[PDB]
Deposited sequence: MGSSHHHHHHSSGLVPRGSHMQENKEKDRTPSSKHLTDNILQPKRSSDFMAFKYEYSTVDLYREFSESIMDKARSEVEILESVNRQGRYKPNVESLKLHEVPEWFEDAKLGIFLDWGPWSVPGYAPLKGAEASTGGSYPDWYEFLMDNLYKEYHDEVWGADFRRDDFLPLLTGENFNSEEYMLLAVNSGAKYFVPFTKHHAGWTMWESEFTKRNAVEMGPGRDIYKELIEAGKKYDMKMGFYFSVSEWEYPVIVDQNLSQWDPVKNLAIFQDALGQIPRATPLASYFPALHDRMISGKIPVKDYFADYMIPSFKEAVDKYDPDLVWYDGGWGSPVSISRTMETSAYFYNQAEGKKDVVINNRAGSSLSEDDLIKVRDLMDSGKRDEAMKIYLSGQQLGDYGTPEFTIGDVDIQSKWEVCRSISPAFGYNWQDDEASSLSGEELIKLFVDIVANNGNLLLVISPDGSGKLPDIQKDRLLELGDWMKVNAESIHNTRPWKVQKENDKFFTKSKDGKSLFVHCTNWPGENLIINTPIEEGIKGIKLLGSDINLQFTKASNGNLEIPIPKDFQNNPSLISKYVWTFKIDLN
């Protein structure tokens, strides 16, 4: 049904033995909780003092004054490295398990293996194979951080966002606040450090992806939750992150159920104050990222998660040092009363959107939808529906290079950035098909990058098969033709300014042009270009019009 004999399908090893980390959850409680909470209190005091003295305060109106940096307007393309324990099984259904975004989520395997993907998991991995048994298999033996950064550079990308910490809480960086980190578990390396160092060497802006909430977190409680609870003073914190109905805010903690899904996480009293805030601060302080990509901010509203404090801190510590940016996923600004009204209730969506007030730019996922092209936005997606590696993904399931380039041009014409997801396997190897699409995009950008990087939308974004961008200064208009226009390029959209010159990017030759009497621009195409226009540029041909 789900178990194939296809070599490409990751599956249970014949030598599988349970991963029992050196420290049980109770061991971490006894040995590390007090120490961590002590350290957290000191770090939170420092962060709060920085915010009290700093330009940015933890409130919507203060943070709103922060502006999108020039570099982020100009970047247009980022690489989103979706790699983590979920990369080992590398599975979602090719069809039929799409979320409301239209994507599919191999990167939700650690959660969905217990419900939506349980039949697959039980047949391919085994019911006795727990979430944390994927951690030792995340070897990174084929993961080369410099090669990933160079691939991103060569693709034309201007920022690189690793999945530094996703919903199950494994950190790509060596954290003092969790043993569920890349040094203790999986590759045995500070993967984030390697990527940060590579990004500095290649002059690449670096992101920090950070799940605000986690699916489960062991917490210290005064009173137990039921007569069945086996362990005094420990429970499991759960919020809305999982999306499915669950016990909230606390579930009863049972070692035989929970320990092998939360290996390495040190119990604390207050998930947000004692763990989330100090771990965020730690990564910002150590790695100095250019960009914060919150995720999982729907778990708890910001009145509880305190992400306005992490946002203010990030901006404050950047002052005078570098220009930085935050996405719009910190969480909701709504009051308890407004959150209740939404749950009770089109009318629910209007109230919800009113509470989405934090961040520098919008983050449509997979489907672009009805974007406001007057504000900055970024669409995230891979070359397929899949966020995270899908061993089944292939030529049939993935965009062609041609489709990817045309989609990219569309995005950029409409004021968007593309944050292009790449998804390695458990070894850290990138599938050849994803490598190929990056190479093809890179080859196209070699010719056409000046019509993409550092541009802005024009008064018109699309005309038939043409997409427009303009130089920052207004003096160059770029016409991206998604069909080879043949003998003649005709542009119907009025161009008020006089024209100094027109050229096809990829040719050093200046093109002929005249204005017809109906208003159209007519651009004859050299006979020598017709024989094989793909030699100049594949898929999309860009004409630069220099204005007076």
How would you list, in order, the spans of the deposited sequence that the model does not cover? 1 to 33, 379 to 384
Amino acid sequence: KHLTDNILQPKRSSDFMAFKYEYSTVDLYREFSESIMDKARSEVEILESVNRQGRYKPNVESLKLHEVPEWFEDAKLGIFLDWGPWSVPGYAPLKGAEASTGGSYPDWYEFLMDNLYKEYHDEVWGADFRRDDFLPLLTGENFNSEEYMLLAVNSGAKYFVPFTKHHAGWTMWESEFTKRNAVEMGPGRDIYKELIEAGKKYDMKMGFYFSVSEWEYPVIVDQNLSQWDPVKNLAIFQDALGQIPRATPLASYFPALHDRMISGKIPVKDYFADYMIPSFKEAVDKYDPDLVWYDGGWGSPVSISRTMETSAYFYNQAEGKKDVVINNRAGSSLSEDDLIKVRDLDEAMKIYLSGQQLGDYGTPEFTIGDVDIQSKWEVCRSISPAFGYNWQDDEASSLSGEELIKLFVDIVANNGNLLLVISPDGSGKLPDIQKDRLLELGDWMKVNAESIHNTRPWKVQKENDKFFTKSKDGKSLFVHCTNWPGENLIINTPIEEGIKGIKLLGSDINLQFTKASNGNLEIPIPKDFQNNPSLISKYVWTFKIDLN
From here on, numbers count along this sequence of modelled residues.
Mean CA B-factor: is it higher for 360 to 368 or for 164 to 172? 360 to 368
For the C-alpha atoms alone, is the average B factor greater in 143 to 151 or in 79 to 87, going by the entry? 143 to 151
Please pick out which of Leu339, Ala330, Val412, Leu241 has the largest Cα B-factor as recorded in the entry. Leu339
Listed options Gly54, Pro485, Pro58, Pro69: highest C-alpha B factor recorded at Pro485
Could you say whether, by C-alpha temperature factor, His453 belongs to the lowest, middle or highest third of its chain? middle
In terms of the chain's CA B-factor thirds, is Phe467 lowest, middle or highest? highest
For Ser279, the third of its chain into which the C-alpha B factor falls: lowest
Compare the C-alpha B factor of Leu345 with those of the other modelled residues in its chain, then answer lowest, middle or highest third. highest
Classify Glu194 as lowest, middle or highest third according to the C-alpha B-factor given in the PDB entry, relative to its own chain. middle
